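Okay, here we've got a single chain as structure tokens, the form deposited in one PDB entry, with questions on binding and movement later.
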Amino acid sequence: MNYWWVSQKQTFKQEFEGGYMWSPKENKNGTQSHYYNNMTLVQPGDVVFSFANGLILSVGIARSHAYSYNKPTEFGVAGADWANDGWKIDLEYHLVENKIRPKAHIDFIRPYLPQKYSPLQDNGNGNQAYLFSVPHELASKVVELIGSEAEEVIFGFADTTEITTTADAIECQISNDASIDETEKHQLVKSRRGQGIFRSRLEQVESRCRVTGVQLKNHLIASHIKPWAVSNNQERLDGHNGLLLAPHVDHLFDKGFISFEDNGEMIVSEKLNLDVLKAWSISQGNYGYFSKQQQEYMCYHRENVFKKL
């Protein structure tokens, strides 16, 4: 996942109200722009800090690649000098209560500014350009200054999108793989959604939500332990590579906010706000031994899915 800084002093209200970013494809004189070319590097799930009137107003999530689109008519005079041939990105804005003023924090972030194409000068004034790459270390510092609301956009939210993208591509690869038969293709695709032979096989091993004890099939998700995307075809359909979980527990486990020790002890991520466990009446403690086959997968989950600092 990448971080971006979009400078929107001229058109923030129009871009926010329309849920987009927009730039020309080239400078007015027809020359290439590093900044406009950055539009073509943004991926769905990338986090975009909106900077306008000296403040960071939004921690946004990109929901498209750049697509060819005319300059928005609603820019009017404020956009007069930009070419009509442009790039648009669908940006899911998340307005923040703590609108940080980066110049007021320049001593804290200066060491983390990139040597080239920095969104800020060494004195903390913004540079006049549209879209800048933000190094991960600089992004961390900005998130520290904004507080919890910035972390809430990123962890188990923005950072899930690239995983979904990867899984979508694998689903395409399976559907076109000549080495596997039609039934296998169908069962592998269903297993991604906890359906088909995977669910029936899991039901021979597990009977309830580990955490909430619910037994009712219509209130349980068939979750993989080793994620579907990184499982091989045998592991994708293995009844021992799953748990039946209530939907909120599925959410916490799938995103690595929780995991389990081999003996069933729940492990809670530092990225899980404990006020979530209180609100949903989920206790820390022991949720029963796992089988040797389940433990092999749970080891993978602890080492690769579970969120650690």
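Shifts are known only where both forms have a C-alpha. Each form is matched to the other, and the largest set of C-alpha atoms that superpose within 1.5 Å is called the rigid core. Numbers for residues come from their place in the sequence shown, where the first is 1.
Just so it is clear, the following notes concern the form deposited in another entry, a form of the same protein that is not shown.
With the rigid core aligned between the shown form and the other one, the listed residues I180, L216, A104, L95 include just one Cα displaced by at least 2 Å, namely that of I180. Annotation for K278: C-alpha shift under 2 angstroms between the shown form and the other one, rigid core superposed. Put the two forms on the same core and the Cα of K28 is off by 2 Å or more between the shown form and the other one. In sequence order, the runs of three or more residues whose C-alphas all shift by 2 angstroms or more between the shown form and the other one, with the rigid core superposed, are 27 to 32, 74 to 77, 175 to 180.
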